[PDB]
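Below is a structure I'd like to ask you about.
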Amino acid sequence: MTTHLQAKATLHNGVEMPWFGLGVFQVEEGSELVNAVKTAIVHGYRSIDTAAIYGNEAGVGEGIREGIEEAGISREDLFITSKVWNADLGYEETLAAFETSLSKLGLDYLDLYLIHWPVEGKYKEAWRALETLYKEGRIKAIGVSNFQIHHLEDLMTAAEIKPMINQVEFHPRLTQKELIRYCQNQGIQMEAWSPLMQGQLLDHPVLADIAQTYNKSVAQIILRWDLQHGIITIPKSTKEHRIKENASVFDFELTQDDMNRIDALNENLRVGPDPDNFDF
Ligand SMILES: [Ca+2]
Ligand SMILES: [Ca+2]
């Protein structure tokens, strides 16, 4: 369980993945990016999550490089995640895109590689490419992002390997109860993209009350709540003080009452794109 920054979940194939990691986001590239990734690693993060649609894997690659050397660790102590973008879903296309991603990140293998979206008519051939790459020992774990129950059901009529991760929007106003249950029952590990959702709750009175009783920020208590729900969490940030502070989530625990107070905030409000109704 979620006792320290370098605590790991075990995926269904035995792979240890950090409960807590750094989300990379549409930044920029170079100076600020590179420093954010380095800063997080040196501080003690051991999971970095990116996507090719970013367009910043080269920045991530260098940030990993200097992170590694200044922390005095190995590439192998880190857990790196990338994703195939929609435009690149398909068998050969996805094989090619994985190689592209590996080059830019400066890596010989990924720890986890995800399908970014359930693009109807393309994601099954994409999955087959993930399975091949998995079977070849090129990726430690393989999974999926933004899949609904019915997408996972449909995937598993023809899949030889079951997804190990389902990386999803998840926060107090979108608590995803049915999907989380379904996934836990399948052995598919939940991960939250954008757990803090651009700071959207950071004035909420329930959460401000809870934050205050613990002498924590709202962000800190949200992130702890992700963790006590058993969901892997990857908050985005580029600001050093923020990167450090978001990880300070292990000096306390939320009671079952605090957890029910935050769960009660569910509104079924999706802030990101609808997995059943998207066009990109
Ligand atoms: Ca492209
Ligand atoms: Ca975030």
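Determined by X-ray crystallography, 2.3 Å, according to the entry header.
Using N, Cα and C of the backbone, Cβ positions are placed for all residues, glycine too.
Here's the feature list from Swiss-Prot:
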type	residues	note
ACT_SITE	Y54	active site, proton donor
BINDING	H116	substrate binding site
BINDING	194-246	NADP(+) binding site
SITE	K83	site 'Lowers pKa of active site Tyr'
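Describe the structural context of each listed feature in the structure shown, including burial, neighbouring residues and relevant distances.
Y54 (active site, proton donor) is surrounded by 20 other CB atoms, counting those within 10 A of its CB over all protein chains shown. Look at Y54 (active site, proton donor): DSSP puts it in a helix.
The 10 Å shell around the Cβ of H116 (substrate binding site) contains 23 further Cβ atoms across the protein chains shown.
For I222 (NADP(+) binding site), the same-chain residues lying six or more positions away in sequence with a CB closer than 8 A to its CB are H171, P172, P195, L196, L201, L207, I262.
Under 8 Å, Cβ to Cβ, and six or more positions away along its own chain, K83 (site 'Lowers pKa of active site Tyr') finds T50, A51, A52, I53, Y113, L114, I115, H116, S145.
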Near ligand 2, which of the binding-site residues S194, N215, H229, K236, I243 have CB less than 6 Å from any of its atoms?
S194, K236
Going by Cα-Cα distance, pick out whichever of the binding-site residues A208, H229, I243 is nearest to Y54 (active site, proton donor).
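With Cα distances computed to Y54 (active site, proton donor), the winner among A208, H229, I243 is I243.
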